[PDB]
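A look at the structure
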Amino acid sequence: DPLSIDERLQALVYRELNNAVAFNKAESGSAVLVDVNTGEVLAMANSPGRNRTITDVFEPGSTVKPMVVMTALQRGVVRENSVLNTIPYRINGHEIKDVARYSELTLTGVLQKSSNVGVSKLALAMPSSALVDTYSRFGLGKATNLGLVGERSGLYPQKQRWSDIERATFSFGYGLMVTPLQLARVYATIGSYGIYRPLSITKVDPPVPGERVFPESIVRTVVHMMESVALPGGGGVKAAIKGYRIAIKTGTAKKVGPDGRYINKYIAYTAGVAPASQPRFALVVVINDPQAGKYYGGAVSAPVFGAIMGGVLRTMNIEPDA
Ligand SMILES: CCN1CCN(C(=O)N[C@@H](C(=O)N[C@@H](C=O)[C@@H]2N[C@@H](C(=O)O)C(C)(C)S2)c2ccccc2)C(=O)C1=O
């Protein structure tokens, strides 16, 4: 009753998640929905119910990329209209390449096409501490404190010195492990334009004072850029919702084994905020080990993200902004 969960939104999330997990023949799926102004968890669901995926840890992969662009802008490595050389290259034999090859991309392009090359060149242009600092500001490598077992088990680098390959892979979301709850908190901080708040499972009266972790102007710039992910040419186009602008990012990660080996099992993500013009909600959707033939975030997680976010916007009577 001081519980923040809105059961209308919980039931919607559960139903859509159940359907997506079944359709993709996946092990499981999770969705976490957060009010970006208060940190209230409005919905939090695992499918199947007893697969406690919301508190399991995973490499966040390309979902970290918006923070990379924010950091490069803050440090003056790039400007709003910058164009990056995105030609694939090598680091000591390690090949850095994108799924789709481009010789150059704008910062919007880098997010739209999810360019590993583009973000890695940004990272190598900055000290190793730069992204460590930003990810930390957004709450990665800090526990969530909702009182759920597992909440605290994420892996985050405490390293003093970094190799070139480590710095690059960090920029596209490997070499650290986070829970869906931590990722939802990142995106809630994006939706607030740089105000960090802890997640709450209990009701609060707004406004809720938070911690300014990043300038409003920078976060707003990248939120606009993320709108391209949900338009034609963008990886998350299947999340698009009629009448609304959404700001999202897709991701796909190969699962790492305990000996550090990557296996042919996938984790698919879509994380974002809506409506993009003035965010009310942050949503993270994770689909664990899809087996039905598709495994990219845009194919597997983006459709259910659109169905959930669309249902939320309608239920909460949010004014169409498209
Ligand atoms: C550190 C070693 N190691 C770990 C494994 N690994 C990795 O799993 N790579 C994935 C990757 O690059 N992931 C995405 C970030 O999420 C990019 N965005 C995706 C999206 O938007 O869905 C995309 C369009 C599919 S590519 C990938 C690429 C292609 C297919 C599946 C997964 C690495 O690359 C990597 O170096």
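Residues numbered from 1 in each chain as written, not as in the entry; some residues may be left out. Heavy atoms only, no water.

**Let's talk about the overall build of the chain**
We apply this condition: Labels follow the DSSP assignment, with helices taken as runs of H or I lasting at least four residues and strands as runs of E lasting at least two, numbered in each case from the N terminus. We compute the radius of gyration over the C-alpha atoms and compare it with the globule rule, which gives 2.2 Å times the number of residues raised to the power 0.38. Relative accessibility decides the category of a residue: with a 1.4 Å probe and only protein chains considered, values under 20% of the type maximum give buried, values over 50% give exposed, and everything between is partly exposed. Throughout, a residue-residue contact means that at least one pair of heavy atoms, one from each residue, lies within 4.5 Å. Only the protein chains shown count as cover for residues, with accessible areas throughout obtained via the Shrake-Rupley method and a probe of 1.4 Å.
For the chain, the count of helices and strands is 10 helices and 11 strands. Taking 322 residues into account, the globule formula puts the C-alpha radius of gyration at 20 Å, and the chain, at 18 Å, falls close to it. Projecting the C-alpha coordinates of the chain onto the three principal axes gives extents of approximately 55 × 40 × 40 Å. The buried share of the chain, reckoned over its 322 residues, is 57%. Nonlocal contacts in the chain, meaning residues at least 24 apart in sequence, comprise 69% of its contacts between residues at least 6 apart. In the form shown here, the chain has an accessible surface area of approximately 14100 Å², with 50% of it arising from carbon and sulfur atoms.

**Some details on the site of the ligand**
Convention followed: Here a residue is near a molecule or strand as soon as one of its heavy atoms is found within 4 Å of it. N or O atoms within 3.5 Å of each other form a polar contact, as long as, within protein, one can give a hydrogen and the other can take it, and as long as residues adjacent in sequence are counted only when both atoms are side-chain atoms. Residues were grouped as follows: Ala, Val, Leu, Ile, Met, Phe, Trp, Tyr, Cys and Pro as nonpolar; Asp, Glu, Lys and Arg as charged; and all remaining residues, including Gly, as polar.
Near the ligand lie 15 residues; those nearest to it are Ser62, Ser114, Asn116, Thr250 and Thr252. Take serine 114: an N or O atom from its side chain is 2.9 Å from a nitrogen atom of the ligand. The contact in question runs from an oxygen atom of the ligand to an N or O atom on the side chain of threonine 250, over 2.8 Å. Here the ligand has 690 Å² of accessible area as a free molecule, and 77% of this is covered by the chains. Ranked by residues supplied to the shell around the ligand, first place goes to strand 9 (residues 247-256) with six residues. Partitioned by chemical class, the residues of the shell around the ligand number six nonpolar, seven polar and two charged.

**A few points about the environment of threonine 221**
Inspection of the secondary structure assignment puts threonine 221 in helix 8 (residues 216-226). Residues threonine 221 and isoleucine 54, 167 residues apart in the sequence, show an inter-C-alpha distance of 29 Å. Once residues lying within four places of it in the same chain are set aside, the contact partners of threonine 221 are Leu73 and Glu80.

**Considerations on the UniProt feature "active site" in the chain**
As a reminder, the rule being used: UniProt positions are given in the numbering used here, feature names are shortened, and annotations may be inferred rather than shown by experiment.
According to UniProt, the feature "active site" maps to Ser62 in the numbering used here. For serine 62, the location among the structural elements is in the loop between strand 2 (41-47) and helix 2 (65-74). Every residue in contact with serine 62, bar those within four places of it in the chain, is listed here: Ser114, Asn116, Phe172, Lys249, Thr250 and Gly251.

**Describing the sheet that holds strand 2**
Counted only if it meets this: When DSSP locates at least two bridges between a pair of strands, those strands are taken to pair. Between N-to-C directions, angles cover 0 to 180 degrees, with each direction set by a line fitted to C-alpha atoms, over the stretch in contact for helices.
One open sheet accounts for five strands, arranged 2-1-11-10-9; its pairing is antiparallel. With partners counted over all chains shown, the strands left at the sheet margins are strand 2 and strand 9, one partner each. The sheet shows a mean angle of 10° between the axes of neighbouring strands, taken without regard to direction. The sheet strands contacting helix 7 (residues 180-191) are strand 1 (28-35), strand 2, strand 9, strand 10 (262-274) and strand 11 (281-288), and the helix crosses strand 11 at an angle near 150°.

**Description of the pattern of salt bridges**
Between side chains of opposite charge, a pair can form when the charged atoms approach closely. The cut-off we apply is this: Counted as salt bridges are all cases of a side-chain nitrogen of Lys or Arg within 4 Å of a carboxyl oxygen of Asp or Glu.
One pass over the structure, following the stated rule, counts 10 salt bridges. Taking the shortest distance from any N to any O, the salt bridge between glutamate 227 and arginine 245 comes out at 2.7 Å. Placement of the pair is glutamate 227 in the loop between helix 8 and strand 9 and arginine 245 in the loop between helix 8 and strand 9, with a sequence separation of 18 residues. The closest approach of N and O atoms between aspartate 259 and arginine 261, which form a salt bridge, is 4.0 Å.

**Concerning a nonpolar patch on the surface**
Put simply, the rule reads: Patch criteria: residues need more than 30% relative accessible area and no salt bridge. Like-charged residues are merged within 9 Å; nonpolar side chains of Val, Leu, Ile, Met, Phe, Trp and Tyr are merged within 5 Å.
A cluster of nonpolar residues, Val99, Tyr295 and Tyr296, forms a patch on the protein surface that exposes about 330 Å² of accessible area. One can find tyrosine 296 in the loop between strand 11 and helix 9 (297-300).

**Description of helix 4 (residues 116-124)**
Taken across its nine residues, helix 4 has seven buried, putting it largely inside the fold. Turning to helix 4, its buried residues number three or more, namely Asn116, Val117, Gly118, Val119, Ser120, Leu122 and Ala123.

**Topic: the environment of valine 57**
Within the secondary structure, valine 57 is located in the loop between strand 2 and helix 2. Separated by 153 residues in the primary sequence, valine 57 and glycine 210 place their C-alpha atoms 26 Å from one another. Other than its neighbours up to four places away in sequence, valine 57 contacts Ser153, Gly154, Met177, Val178 and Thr179.

**Focus on the nonpolar core**
Soluble globular proteins tend to pack their nonpolar side chains together in the buried interior. Applicable threshold: Only buried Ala, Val, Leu, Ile, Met, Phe, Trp, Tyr and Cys residues count toward a nonpolar core, and they belong to the same one when joined by side-chain atoms within 4.5 Å.
In this structure, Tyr135, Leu140 and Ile287 are the most contacted members of the largest nonpolar core, which totals 104 residues. When near neighbours in sequence (up to four residues on either side) are disregarded, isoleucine 287 contacts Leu17, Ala20, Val21, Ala26, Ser28, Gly29, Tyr266, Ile267, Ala268, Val300 and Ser301.

**What to know about the packing of helix 2 against helix 8**
The cut-off we apply is this: Any angle that falls under 35 degrees is termed roughly parallel, while one over 145 is termed roughly antiparallel, one within 65 to 115 roughly perpendicular, and all others oblique. When the near helix sits turned anticlockwise from the far one by under a right angle, the crossing is termed left-handed; a clockwise turn instead gives a right-handed crossing.
Between helix 2 and helix 8, the least distance of the axes is 9 Å, while the angle of their chain directions is 135°. As far as their axial angle goes, helix 8 and helix 2 are oblique. Considering only the axes of helix 2 and helix 8, their crossing is right-handed. The segment helix 2 lies against helix 8, with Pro66, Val69, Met70, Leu73 and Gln74 engaging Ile218, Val219, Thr221, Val222, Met225 and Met226.

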